[PDB]
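Student: before I ask anything, here's the sequence and the deposited coordinates:
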Amino acid sequence: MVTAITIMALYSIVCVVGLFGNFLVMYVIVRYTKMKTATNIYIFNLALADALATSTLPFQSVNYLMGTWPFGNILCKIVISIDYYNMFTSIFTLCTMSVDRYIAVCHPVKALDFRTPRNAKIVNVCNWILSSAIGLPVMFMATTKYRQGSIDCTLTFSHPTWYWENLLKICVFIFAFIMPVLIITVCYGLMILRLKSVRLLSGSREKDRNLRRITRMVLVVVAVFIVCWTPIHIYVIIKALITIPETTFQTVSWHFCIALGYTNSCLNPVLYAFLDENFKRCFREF
Amino acid sequence: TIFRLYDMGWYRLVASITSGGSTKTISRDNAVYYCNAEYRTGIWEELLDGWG
Ligand SMILES: CNC(=O)[C@H](Cc1ccc(C)c(OC)c1)NC(=O)CSc1ccc2ccccc2c1-c1cncc(OCc2ccccc2)c1
Ligand SMILES: C=CCN1CC[C@]23c4c5ccc(O)c4O[C@H]2C(=O)CC[C@@]3(O)[C@H]1C5
């Protein structure tokens, strides 16, 4: 009862804080006119995907104690789909945010042309469609089984069940790092080279400070996401090919890494609370 | 404590001999008259002006 209700305390804490922080972020972004910016649509999408991830934690909370998934088939399909929407959209929104910040900093004349909040909505819908094209086949082939002891959710790979599994693992790893992490590294490598030698960016000192603070905030959020999500990805690949044996520390490390990956959704509203002054003022006044 | 100092002058401005020498003897590190300077502490900090 000690470690058990401890773990349920962690579930309740993480789910409540993530849902409250992301709901407050959406509330302050939509209810204020001064928050409608080209880089607050991206944050809204980010705190949409984070709340989508966090909303599935109570179902795991119920599934841990009883040992059986008691909600049926449709909800199981939805949860398994929501995991892959969480991972893919959370990694693509950061990449598109960094490319936006690149356009803003190193191409001011062009970025003045096409950075309206009308463009950000179309980029968000295109990103979400591109993610959903891959995240829907996961809901195609996710079902509740009938195990020996208790019924559990699982991905049932259809014909050979050895080839498609490794295909999905390699595809997720290759895409959801090597495209966005390489794009983000190149974009920020160019941004720093511009920001080092520039006296002023937009001709006014206030515009300089407002243009540098947002870039620092976006870089801190990208670094937090990468540090939270790298160990589970590398550890999934190492379990895939290295064939690690069964050890008393290995399972606990695995469940730590997965817990860190879920815990990353909680942190971002807290970072936005004291990395942006306008967010802090809107949180306090509201 | 300065990321880089950009402009320096003997403002009274008689003439500001900036970091390149334009608008008319440099340091790299990471009749009463007064000389002003402009600088920022780091990359992410806004430009600010200092008086001697
Ligand atoms: C190929 N298999 C899959 O891909 C399914 C995909 C999948 C399957 C089933 C569900 C309900 C689901 O919801 C998102 C996702 N998922 C997994 O193999 C691993 S996830 C999982 C799933 C069911 C669980 C049931 C009971 C207990 C833990 C379960 C955990 C779990 C395991 N380890 C850690 C942890 O973290 C909780 C946490 C607590 C506090 C703070 C942060 C995180 C959760
Ligand atoms: C965000 C955390 C849950 N993740 C979804 C899918 C999965 C996963 C992740 C990363 C890469 C994969 O190929 C992969 O399949 C799964 C697996 O077998 C290990 C743990 C995960 O549940 C976890 C992160």
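Tutor: The structure has been received and is ready for your questions. Residues are numbered from 1 along each chain as shown, chains lettered A, B, ... in the order given. Ligands and ions are numbered 1, 2, ... in the order given.
Student: which parts of chain B are helices?
Tutor: Counting by DSSP state H, one finds no helices in chain B.
Student: which parts of it sit against chain A?
Tutor: Counting by CB under 8 Å from any CB of the partner chain, the residues of chain B close to chain A are B:6, B:7, B:43, B:44, B:45, B:46, B:47. All C-beta spots, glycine's among them, are computed from the backbone N, C-alpha and C.
Student: of the residues you listed, closest to ligand 1?
Tutor: For the residues of chain B next to chain A, the residue nearest ligand 1 by CB to the nearest ligand atom is residue B:44; the value is 31.7 Å.
Student: just give me the neighbour total for the closest one.
Tutor: Close neighbours of residue B:44, defined as other CB atoms under 10 Å in any protein chain shown, add up to 16.
Student: show me what counts as buried in stretch A:110-118.
Tutor: For stretch A:110-118, a neighbour-count test (16 or more other CB atoms under 10 Å in any protein chain shown) marks A:111, A:115 as buried.
Student: check chain A for its longest helix and report it.
Tutor: helix A:205-241.
Student: so is that helix next to ligand 1?
Tutor: No: shown here: helix A:205-241 not in contact with ligand 1 (CB under 6 Å from any ligand atom), separated by at least 9.5 Å.
Student: run through the neighbouring helices and strands of that helix.
Tutor: helix A:74-106, helix A:163-173, helix A:180-197, helix A:248-275 (3 or more CB pairs under 8 Å, 6 or more residues apart in numbering or on different chains; DSSP states H and E).
Student: again, 10 Å this time
Tutor: helix A:41-54, helix A:74-106, helix A:163-173, helix A:180-197, helix A:248-275, helix A:277-285, strand B:36-40, strand B:48-51 (3 or more CB pairs under 10 Å, 6 or more residues apart in numbering or on different chains; DSSP states H and E).
Student: neighbours of residue 42, how many?
Tutor: Since you didn't name a chain, this refers to chain A. Around residue A:42 there are 22 residues (other CB under 10 Å).
Student: ah, no, chain B please
Tutor: 12.
Student: thought residue B:48 was touching it, still the case?
Tutor: No: with contacts counted by CB atoms under 10 Å, residue B:42 stays clear of residue B:48, the gap being 11.5 Å.
Student: once you drop chain neighbours, what's closest to the most centrally placed residue in chain A?
Tutor: Note on chain A: the residue nearest the mean C-alpha position is residue A:90, at 3.1 Å, using CA atoms, centre = their mean. Spatial nearest neighbour of residue A:90, excluding adjacent residues (CB to CB, 6 or more residues apart in numbering or on different chains): residue A:49 at 4.9 Å.
Student: contacting residues for the one you found?
Tutor: Contact analysis of residue A:49 by CB atoms under 10 Å, 6 or more residues apart in numbering or on different chains lists A:22, A:82, A:85-93, A:128, A:131, A:265.
Student: ok, it to residue A:132 distance?
Tutor: Computed as CB to CB, to the nearest Å, the residue A:49 to residue A:132 distance reads 12 Å.
Student: find the closest residue to ligand 2 in chain B.
Tutor: Among the residues of chain B, residue B:44 lies nearest to ligand 2; the distance is 30.7 Å by CB to the nearest ligand atom.
Student: not counting sequence-adjacent ones, nearest residue to that residue?
Tutor: residue A:216 (4.4 Å).
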